[PDB]
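Visitor: so I've got this experimental structure, pasted below with the sequence.
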Amino acid sequence: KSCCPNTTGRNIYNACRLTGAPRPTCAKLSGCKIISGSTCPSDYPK
């Protein structure tokens, strides 16, 4: 899944996405990152 440091980062990432902006751009606007793994590491749990 998608892997964000904080709730606020998940929120911005999500707001970027909802306003139809592409995933990688939103990922770096937020500072999230993306894995295959169902759960993310302890530092990017959201």
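Guide: Right, received. Where do you want to start? Residues are numbered from 1 along each chain as shown.

Visitor: would you state the strands of the chain in chain order?
Guide: Taking DSSP state E to define them, one finds strands in the chain at 2-3, 33-34.

Visitor: and the last one, what does it pack onto?
Guide: If contacts are counted by 3 or more Cβ pairs under 8 Å, 6 or more residues apart in numbering; DSSP states H and E, strand 33-34 sits against strand 2-3, helix 23-30. Heads up, the C-betas are built off the backbone N, CA and C, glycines and all.

Visitor: show me what that strand is in contact with.
Guide: 1-3, 23, 27, 44 (Cβ atoms under 8 Å, 6 or more residues apart in numbering).

Visitor: now the buried members of those residues.
Guide: By neighbour count, with 16 or more other Cβ atoms under 10 Å, the contacts of strand 33-34 hold 2-3, 27, 44 as buried.

Visitor: distance to residue 40 for the strands of the chain - can I get that in a markdown table?
Guide: Putting these into a markdown table (distance: least, Cβ to Cβ, whole Å) gives the following:
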| stretch | distance to residue 40 |
| --- | --- |
| strand 2-3 | 4 |
| strand 33-34 | 9 |
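
Visitor: of those, which is nearest residue 18?
Guide: strand 2-3 (13.5 Å; Cβ to Cβ).

Visitor: what residues of stretch 29-41 count as buried?
Guide: 30, 32, 40.

Visitor: with residue 17 as the reference, name the closest of the helices and strands packed on strand 33-34.
Guide: helix 23-30 (5.4 Å).

Visitor: in PDB, list the C-alpha atoms belonging to that closest one.
Guide: Taking C-alpha atoms only, helix 23-30 is exported to PDB below (Å, rounded to 0.1, in the frame of the first residue of the first chain):
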ATOM      1  CA  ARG A  23       0.100   9.400  -7.400                       C
ATOM      2  CA  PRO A  24       3.900  10.000  -7.500                       C
ATOM      3  CA  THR A  25       3.500  13.800  -7.500                       C
ATOM      4  CA  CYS A  26       1.200  13.600  -4.500                       C
ATOM      5  CA  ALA A  27       3.600  11.100  -2.900                       C
ATOM      6  CA  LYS A  28       6.400  13.700  -3.000                       C
ATOM      7  CA  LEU A  29       4.200  16.700  -2.200                       C
ATOM      8  CA  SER A  30       3.400  14.700   1.000                       C
END
